[PDB]
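Asker: part one of the complex, untouched from its place in the assembly:
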Amino acid sequence: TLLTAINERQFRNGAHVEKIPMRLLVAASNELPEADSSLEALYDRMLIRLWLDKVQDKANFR
C-alpha cells in the first residue's frame, strides 16, 4: 500500500479513492535491506539517500 501513495498519490479507501497531499516523505532506520528481498522496491523509489552519524567536532558536542 505504500507504493501506491508515492506513484498514484492516492489510497484505496474501500470503494472510491482520494488524493493524498503528501509533501515530504522521510524514512529513517539503522541497517540496510537485503540485496534479494521485497524491501528493495521502496529503496529504489527514494530519491535522496543521506547517511547521518553522530557529532565529531569537540566544539559542536559541548
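Answerer: Nice, I can see it. Numbers count the residues shown, from 1 in each chain, chains lettered A, B, ... in the order given.
Asker: residues contacting residue A:9?
Answerer: By C-beta atoms under 8 Å, 6 or more residues apart in numbering, the residues touching residue A:9 are A:19, A:20, A:22. (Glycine included, C-beta is placed from N, CA and C.)
Asker: before we move on, what about residue A:45?
Answerer: Shown here is residue A:45, whose contacts under the criterion C-beta under 8 Å, 6+ apart are A:3, A:6, A:7.
Asker: Excluding residues flanking it in the chain, which one is nearest the last one?
Answerer: Which is residue A:7. residue A:45 (7.9 Å; C-beta to C-beta, 6 or more residues apart in numbering).
Asker: what about the one you found, distance to residue A:14?
Answerer: Computed with C-beta to C-beta, to the nearest Å, the distance linking residue A:45 and residue A:14 is 25 Å.
Asker: And for residue A:41?
Answerer: Residue A:41 sits 25 Å away from residue A:14, taking C-beta to C-beta as the criterion.
Asker: Those two - which one has more neighbours?
Answerer: The residue with more neighbours, out of residue A:41 and residue A:14, is residue A:41; 11 against 6, by other C-beta atoms under 10 Å.
Asker: Burial check on the nearest residue to the more buried one once chain neighbours are set aside, number of neighbours?
Answerer: Using C-beta to C-beta, 6+ apart and skipping the chain neighbours, the partner closest in space to residue A:41 is residue A:3 (6.4 Å). Under the neighbour criterion other C-beta under 10 Å, residue A:3 is assigned a count of 10.
Asker: three-state assignment of residue A:47?
Answerer: coil (DSSP: H, G, I helix; E, B strand; the rest coil).
Asker: contacting residues around the most centrally placed residue in chain A?
Answerer: When chain A is reduced to its mean C-alpha position, the closest residue under C-alpha atoms, centre = their mean turns out to be residue A:27, at 3.9 Å. Under the criterion of C-beta under 8 Å, 6+ apart, the neighbours of residue A:27 are A:42, A:46.
Asker: ok, now how distant is it from residue A:14?
Answerer: Using C-beta to C-beta, one obtains 26 Å as the distance from residue A:27 to residue A:14.
Asker: Residue A:39 now?
Answerer: Relative to residue A:14, residue A:39 is positioned 27 Å away (C-beta to C-beta).
Asker: same question, residue A:40
Answerer: Computed with C-beta to C-beta, the distance linking residue A:40 and residue A:14 is 30 Å.
Asker: coming back round to it: residues contacting the residue nearest to residue A:41?
Answerer: Remark: with contacts taken as C-beta under 8 Å, 6+ apart, residue A:3 is in contact with A:41, A:42, A:45.
Asker: now do residue A:17
Answerer: Residue A:17 makes contacts with A:10, A:11, as judged by C-beta under 8 Å, 6+ apart.
Asker: what does residue A:55 give?
Answerer: Counting by C-beta under 8 Å, 6+ apart, residue A:55 touches residue A:61.
Asker: Render the CA-only coordinates of stretch A:30-38 in CSV, please.
Answerer: Coordinates of the C-alpha atoms in stretch A:30-38 are reproduced here as CSV (Å, rounded to 0.1, in the frame of the first residue of the first chain):
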residue,chain,number,x,y,z
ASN,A,30,19.7,1.7,11.2
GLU,A,31,20.6,-1.2,8.9
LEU,A,32,20.4,-1.9,5.1
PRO,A,33,17.8,-4.2,3.5
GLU,A,34,18.8,-7.4,1.8
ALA,A,35,20.0,-7.5,-1.8
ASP,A,36,17.3,-10.0,-2.9
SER,A,37,14.1,-9.2,-1.0
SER,A,38,10.9,-7.3,-1.4
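Asker: Give me the distance from it to the chain's centre.
Answerer: 14 Å (C-alpha atoms, centre = their mean, to the nearest Å).
Asker: Tell me the buried residues in it?
Answerer: Residues of stretch A:30-38 classed as buried under the neighbour-count rule (16 or more other C-beta atoms under 10 Å) do not occur.
Asker: and then chain B:
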Amino acid sequence: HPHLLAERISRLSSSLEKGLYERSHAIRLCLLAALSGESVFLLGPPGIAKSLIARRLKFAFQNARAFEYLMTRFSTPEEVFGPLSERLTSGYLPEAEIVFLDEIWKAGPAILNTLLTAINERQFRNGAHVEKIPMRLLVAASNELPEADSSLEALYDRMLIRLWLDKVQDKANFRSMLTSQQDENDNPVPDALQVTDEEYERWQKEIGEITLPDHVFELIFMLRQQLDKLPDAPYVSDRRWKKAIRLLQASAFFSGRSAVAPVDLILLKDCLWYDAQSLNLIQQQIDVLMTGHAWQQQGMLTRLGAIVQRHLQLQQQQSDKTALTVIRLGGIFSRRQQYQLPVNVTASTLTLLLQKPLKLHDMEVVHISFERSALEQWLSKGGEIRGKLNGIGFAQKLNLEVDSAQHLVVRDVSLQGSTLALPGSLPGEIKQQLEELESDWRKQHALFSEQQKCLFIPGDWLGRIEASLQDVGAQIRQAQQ
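Answerer: Putting chain B onto the chains we already have gives this:
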C-alpha cells in the same frame, strides 16, 4: 467496416505512447493481449516503466479496474485474492480487468496453485460456489529467471508474450524522456477511442473465425521442425503453438484483414524464447525465415540460378558461330606482343566461354571470366596469368597459350586443347522463364506493400524485409541485359 477498425486501433495506441519513449513495442503488444484474453511477461531491471504499462492499459476500456501488487516471500492469499469473513474480494483479483504482479518467482505454493485456475478456467474457488473472473489482461514482471527444476516453471510455460525490457539507448530519445511534463497518472485517451464492454465480448468470437491460409501453415511447420533438430534450440510445446495463433489471428483482425498474413510471424520472437541463451537463437531463426521463405525470397533465388545455368548452357553450345580472333601489332620488341579487340570488348571483368569442357582443379567449368587489366600484360610482356572458374572462387593459374590461328588454348592435366570464345550479342526460352519469375516477384512485393502497416510490427524489422526483397529483384534484372 473491417477497414475502419485499423484506424481506431492505430489511434488508440498513439495516445498511450505519450510520455513513454522507446516503449512502442511494449504498449502495442499489451494492447493486443488485452483484447484477446492472453498474457504478457516482462523481464528486466527494476526501473524501466514496467508498472506504468500495467496502469495505462486500464484507460482503453470503459470499465476497467487496475491492481498493483508486489509478491513477497511471505505473501498470503488473503492479501491478493481478498480476505475471507464469504470472501471480501471488493477490488482485488476476481473482479479486476487488469492485474499486475511484480516479482512472481518468489510466491508461495498456495498463491501459485490458485493462479493457474484463473487462466485456463478463468474461475476462482470462492469458498463454496465458483465465479468467473473478467481478467482481460495479465501482466507479470520481475528481474531474474526462475529455476529449471522448480514449481515456478508452470506459470512461465503458460505466459505467451515474453518481453525483455531494458533501459533507453538512443541519445535523442533520452533528452525528451528525461524532461517530460506529461502526467503518468492522468487520462490521455479520448472517450471516443475507448472500447466498451459489448465490443470486447463481440471481438472474442471473431478472433477464432480467422481463416488459416495454406501458405502460412507451411511456414509454421517449417520453423517448428527447425528447432527440433538444433540441440541449443528451446523446446516449444503444443500449448505455446496453439496460444500463439490467438495472438496472430487477432493481429490481422485489428489491422483490416480477414486471414492470417505472413507478416504476423515476427510476433513469435517474444514468445518462443525463455532465457538469455534462447534470445539470440529465436531472433536469428525467425529472421532467416522472414527474409527467405516468407515472401519467396529464398525460393526465387534457387529458381533464378537455374535460368542463369540454362542461359550459360545455351551460350556454350552455340559457341561454334563466334570465334576469338587476336589481332597483331608491329613495333620493335623482342617478344611477340599481341593486342586484344578494341571497341568490340570494353568490360573489365568480361567472361569468355569455351567449346569442349575440361576438368580444371578436379572440377568442371563452362565459362572463365578474365580481367581486362591482366590480359593486356600477358598478351604483351608474357609470363603467367590467373583466372577464376565459373565466375566464383579465387583467381587460379591456368595453362593459357597462343595458337597458330590467333586463338586462346586452355590446357589441363592431360594436355587437352580448348579454343576460347566470347559470348555474342537473349534466347526465347530464357526470356520466357525470366518473365514468369519477374511476375512472381512483383506479386510477392505487392502483398508486402498491403500488410506492412500493421501496428503490432516493430519498425526496425521493416528495413530488413525491404532489403531482402530488393536484392532478389536486382539480381533478376541483371540477367536480362
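Asker: Same as before for the buried residues of stretch A:30-38, with chain B this time.
Answerer: residue A:38 (16 or more other C-beta atoms under 10 Å in any protein chain shown).
Asker: got a list of contacts for that stretch?
Answerer: Applying C-beta atoms under 8 Å, 6 or more residues apart in numbering or on different chains, the external contacts of stretch A:30-38 come out as A:39, A:40, A:43, B:70, B:71, B:72, B:73, B:103, B:106.
Asker: Helix, strand, or coil at the residue nearest to the centre of chain A?
Answerer: Bear in mind the rule, three-state DSSP; under it residue A:27 is coil.
Asker: Quick check: it vs chain B, distance?
Answerer: Counting by C-beta to the nearest C-beta, to the nearest Å, the gap from residue A:27 to chain B is 17 Å.
Asker: One more: residue A:3?
Answerer: Applying C-beta to the nearest C-beta, one obtains 7 Å for the distance of residue A:3 from chain B.
Asker: Now that residue: phi and psi?
Answerer: Torsion angles at residue A:3 (phi, psi; degrees, to the nearest 10) stand at phi -80, psi -30.
Asker: for residue A:17, same thing?
Answerer: Recorded main-chain torsions at residue A:17 are phi -110, psi 150, according to degrees, to the nearest 10.
Asker: cool, residue A:43 as well?
Answerer: The phi and psi values for residue A:43, taken as degrees, to the nearest 10, are phi -70, psi -30.
Asker: swap in residue A:19?
Answerer: phi -70, psi 160.
Asker: next one: residue A:59
Answerer: Backbone dihedrals for residue A:59, given as degrees, to the nearest 10, come out at phi -70, psi -30.
Asker: What number of residues are in the vicinity of it?
Answerer: Counted by other C-beta atoms under 10 Å in any protein chain shown, the residues lying close to residue A:59 total 6.
Asker: Contact residues of chain A facing chain B?
Answerer: Near chain B, the residues belonging to chain A are A:3-4, A:7-9, A:12, A:14-15, A:37-38, A:40-41, A:44 when assessed by C-beta under 8 Å from any C-beta of the partner chain.
Asker: Now intersect those residues with the strands, please.
Answerer: Cross-referencing those with the strands (criterion: DSSP state E) gives residue A:12 as the overlap.
Asker: Okay, helices next: where are they in chain A?
Answerer: For chain A, the helices defined by DSSP state H occupy A:4-7, A:40-45, A:58-61.
Asker: what sits up against the last one?
Answerer: Under the contact criterion C-beta under 8 Å, 6+ apart, helix A:58-61 has outside partners residue A:55.
Asker: can you do 10 Å?
Answerer: Under the criterion C-beta atoms under 10 Å, 6 or more residues apart in numbering or on different chains, residues A:54, A:55 lie in contact with helix A:58-61.
Asker: repeat for the first one
Answerer: When contacts are taken as C-beta under 10 Å, 6+ apart, the neighbours of helix A:4-7 outside the stretch itself are A:10-12, A:17, A:20, A:22, A:25, A:42, A:45-46, B:51-52, B:55, B:66, B:68-69, B:184-185.
Asker: Any buried residues in that helix, and which?
Answerer: The neighbour-count check on helix A:4-7 (16+ other C-beta under 10 Å) flags residue A:4 as buried.
Asker: what's the answer for the last one, then?
Answerer: Of all the residues in helix A:58-61, not one is buried under the rule 16+ other C-beta under 10 Å.
Asker: How far does that helix sit from its chain's centre?
Answerer: Counting by C-alpha atoms, centre = their mean, helix A:58-61 is centred 30 Å from the centre of its parent chain.
Asker: CA atoms only for that helix - export them in PDB, please.
Answerer: Extracted C-alpha coordinates of helix A:58-61, given in PDB (Å, rounded to 0.1, in the frame of the first residue of the first chain):
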ATOM      1  CA  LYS A  58      34.600  18.900  20.100                       C
ATOM      2  CA  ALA A  59      33.100  22.400  20.000                       C
ATOM      3  CA  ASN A  60      29.900  21.200  18.500                       C
ATOM      4  CA  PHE A  61      29.300  18.500  21.100                       C
END
